[PDB]
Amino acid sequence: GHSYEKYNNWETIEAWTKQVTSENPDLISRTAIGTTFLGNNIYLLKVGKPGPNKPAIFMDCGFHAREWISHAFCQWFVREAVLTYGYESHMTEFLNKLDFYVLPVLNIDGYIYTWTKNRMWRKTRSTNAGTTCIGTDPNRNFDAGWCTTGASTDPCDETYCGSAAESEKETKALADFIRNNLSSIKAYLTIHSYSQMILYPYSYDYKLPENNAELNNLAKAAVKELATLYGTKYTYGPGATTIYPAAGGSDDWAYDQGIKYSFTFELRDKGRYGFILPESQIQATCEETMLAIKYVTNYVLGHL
C-alpha cells in the first residue's frame, strides 16, 4: 500500500525499505544502525555502485515526527536515484563516484505516534525521570554547544535537550555511525519542514564557520536551482540569524566533526498549511528539492 504521492505510515515505509533493496541489490544495501527507545530498527540505505573506498554523502529525514514531507522526500529521492541511474548522465556519474547514505526516518517512535495518537508530536518518545512528560528533541541532543542557547532543560518543553548529550538511542546511533565513517563522509544533509530555507552552521552560537563565504555561495546557488522548476522561494544563511539559535543540532555537530558541507533543509511551505502539507503537493515539493540536492552533490564531487 505504498505511494510516493501520499504519506505512508511506518509499517509501510519499513516494508518499502526492504522492497527497494530487494529490487536493486546491486545498487542498494540496507543496514540497521541501531534501535529506537521502543525497539524499532533504525534503517539506513546505501545507494551507489559498489566500490572500494568511495566518498559519501549522508542524508537523513524524519528527525521531527510531525514533519511528514521530510519522510516523504527521502523515499522520493531513493526512487529517483534508482530510476535515473543508467539513464540520466548526472545521477549515473553521481552513484559511480560516491555513495549516498539515506536514513529514511530517524525518529521512528515519534512518527508512529503522529499516526496513532497526536499528529502534532515532535520529540522522541523516551521516558524522563521524575516526570510524566515524554520525549527529547533529537535536534537539541547532539554534542554541539549542547543545551546552551535555543534549548530547554525542561523535559516538558518541545526543545528539551535531554538528560545528557546523545542520551537518546536514536541520536547515539546516528553519531556513532558518522564517527565510524568519518573519513568517507564529505557532506551531511538533514531534512526538516517547514519554512523554505537552506541553513548552515552555526546555530548554537552567532559565530560564523571558517568557510562561511563558500557555504553562503553554495546555498545561494542551490536555492536558485530549486526555484527554476516551480518558482518556490527559499531563504538561506547561518542557522542562528536566519531562523533562531538552536544549540545541539546535528548539522553543527557534523560540521565540528570536520564535515565541511553541512546543511539543514526546511521544505514547503511557509505556513499556509505548515506541517499539514496537502498530499497533492508532495510530488512538486520533492521534484524541486531533488534539484537542490543534486546541485550540492555535483558541487561536492568537484571539491573533494
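Note that residue numbering follows the sequence shown and begins at 1.
- Higher mean CA temperature factor between 158 to 166 and 77 to 85: 158 to 166, per the PDB entry.
- As the entry records it, the average C-alpha temperature factor is higher for 236 to 244, out of 265 to 273 and 236 to 244.
- Comparing the listed residues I112, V105, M91, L218, the entry records the largest Cα B-factor for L218.
- Of the candidates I178, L189, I198, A72, the one whose C-alpha carries the top B factor in the deposited record is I178.
- Sort the modelled residues of the chain by CA B factor and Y206 lands in the highest third.
- Among the modelled residues of the chain, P278 sits in the lowest third by CA temperature factor in this PDB entry.
- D256 sits in the highest third of its chain by CA B factor, as recorded in the PDB entry.
- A213 sits in the highest third of its chain by CA B factor, as recorded in the PDB entry.
- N96: CA B factor lies in the middle third for its chain, per the PDB record.
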